[PDB]
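Just so you know, the sequence shown maps onto residues 2 to 3, 6 to 98 in the deposited numbering.
Yeah, the Cβ is synthetic: ideal placement off N, Cα and C, and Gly gets one too.
Read the structure below first, then the notes.
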Amino acid sequence: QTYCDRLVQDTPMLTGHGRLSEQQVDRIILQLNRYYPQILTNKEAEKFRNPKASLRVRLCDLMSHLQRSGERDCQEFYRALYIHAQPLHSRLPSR
């Protein structure tokens, strides 16, 4: 599977309530913003960290963003997920 295909497959599980916490998501966003490649701009990172919007809505929007942005971005997401949510990372069905 390509990483894009994996992400499409894993999206319903990843976005299920309880799977990722706000703290995990926040750290994933930082991982995708602060380094190289930069997957998320500062403005995008702030949007996805916005405390006023429900976490699930922000996550679904993040998944859509990564899927449209291509293979490299999806690969970086999986690395960020390994770093900040290893238990979940290990349980994903595309594994």
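- Taking C-beta separations shorter than 6 Å and ignoring five residues to either side along the sequence, the partners of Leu-84 in its chain run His-92, following chain order.
- Residues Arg-52 of the same chain have their beta carbon placed closer than 6 Å to that of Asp-29, with the five preceding and five following residues left out of the count.
- Out of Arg-82, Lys-46 and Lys-50, the CA that lies nearest to the CA of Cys-63 is found in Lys-50.
- According to the DSSP assignment, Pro-40 belongs to no alpha helix (DSSP H), since it is labelled neither H nor E.
- Under the 10 Å beta carbon count, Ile-86 is surrounded by fewer than 16 other beta carbons and is classified as exposed.
- Membership of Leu-62 in the alpha helix (DSSP H) is indicated by the continuous run 58 to 72.
- Around the C-beta of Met-66, 16 or more other C-beta atoms lie within 10 Å, and the residue is accordingly described as buried.
- Boundaries of the alpha helix (DSSP H) around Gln-12: 6 to 17.
- Under the Cβ criterion (8 Å, minimum of three pairs), the segment 8 to 17 does not count as touching the segment 28 to 48.
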